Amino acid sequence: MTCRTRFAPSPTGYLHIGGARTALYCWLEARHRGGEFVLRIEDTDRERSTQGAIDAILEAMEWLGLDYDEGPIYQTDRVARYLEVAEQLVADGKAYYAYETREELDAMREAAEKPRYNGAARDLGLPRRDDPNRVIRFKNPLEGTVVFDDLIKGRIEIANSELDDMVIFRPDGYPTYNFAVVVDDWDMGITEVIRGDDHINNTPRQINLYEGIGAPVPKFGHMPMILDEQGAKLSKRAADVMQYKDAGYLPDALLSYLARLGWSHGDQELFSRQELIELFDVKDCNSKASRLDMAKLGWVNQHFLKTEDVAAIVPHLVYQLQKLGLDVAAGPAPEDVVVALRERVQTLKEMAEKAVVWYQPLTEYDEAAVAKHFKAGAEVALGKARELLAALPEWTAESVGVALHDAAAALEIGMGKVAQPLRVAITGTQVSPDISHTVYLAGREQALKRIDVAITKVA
């Protein structure tokens, strides 16, 4: 009935953006269809799945706003369930014990064709016995083909003679991936399995397992893996979601970009989170792979910086301000910084770095800037601006702008004769955003003090 999807990562230490994209599509499918999104942690490997690695997944999903209706559900919590189902398949004659050694299985290297398991023990009905090579194998169908209509890839058909009686339970007491994932997806009523297409050849093995169990078979959707700019499969050697946080990308912008990587809607290129929910259908996902494009993502991030609500951007700027060890309380309000810089930067890291000049005293002047704009005569504009700014009853970006325009009009000069030296006065450089905001963001006390210093540096 109700659509139910899952994200089932195996913890490696961080959330790969390929995994983020998979979580995103599963989340969007569930949200668009008013269903549930389940978080499962494939944590049986006790070495890889440290608590720290699990926390990295959870923290990254929280940063992206990918809330989950259910979970996290841990495979290490479900061991007796896996063994119960495995042993019931044996009792029902649909799975069996086998005992071959690795070198016996290795001796089935004999290609001449494709390697697989002999099925030797399949009808031998061997009892359970204490043995380090004991496995439980599923009786896969011997003949015919497996068919499924992949939501993304279309009709897929694999011959059963290409499959074998897969191991479903290992000598070390743990299920195999193909067994655990079916039992989990069955137990949690998953209706649409949406995952990367490097899992696609295990799908017919899983489908047969559903059918041997007597479980309804879900639909499947397999996305091509994300490639890097050169076209190779992606890895940390821009893969960590938290790296994009540290670089200053907005979560919603990363999500819009990741969605557009393997999904499309006409010629639209930019999607709010609300638009993604409204428009997403896993069936509209691209079957062809796409490359990363850091430039497109920066472009996407610029749009979100330009159009999202200021209060939505603010906490992400504050994060970057704190990284730089800045006393945010003593400097300008971060919302005012966002207003002055949101149209002029590509990331919030860049925004924070360009905002440092308002959060600390001005001590280092660009010598070339002083030489160009603090020539004799510049004190007239500076003193007139200083006088008008000091008389403002209120200190706002608008009122500062009026004082600066009044200064130019009072002296009957172009705004450049005011802005150029004032820019060096406030920042020590000839690079800043709009002069009115640049002055405003220093605050009243700092603006007057810095201009006073500037007037003493004239000639």
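Each residue number is its position in the shown sequence, starting from 1.
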item: Gap size, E103 back to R102 (deposited sequence, no coordinates); value: none
item: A112-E113 interval: deposited residues absent from the model; value: 4 to 9
item: Greater mean Cα temperature factor according to the PDB record, 24 to 32 or 51 to 59; value: 51 to 59
item: Between 300 to 308 and 228 to 236 (mean CA B-factor, as deposited), the higher; value: 228 to 236
item: Candidate residues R423, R40, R46, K417, the one whose C-alpha B factor the record puts highest; value: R46
item: Highest recorded Cα temperature factor - choice among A381, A330, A180, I194; value: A330
item: Record-listed C-alpha B factor of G248: chain third; value: lowest
item: Chain third (lowest, middle, highest) by recorded CA B-factor, residue given as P393; value: highest
item: CA B-factor placement of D185, once the chain's modelled residues are sorted into thirds; value: lowest
item: Ranked against its chain, the third holding the CA B-factor of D336; value: lowest
item: CA B-factor placement of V453, once the chain's modelled residues are sorted into thirds; value: middle
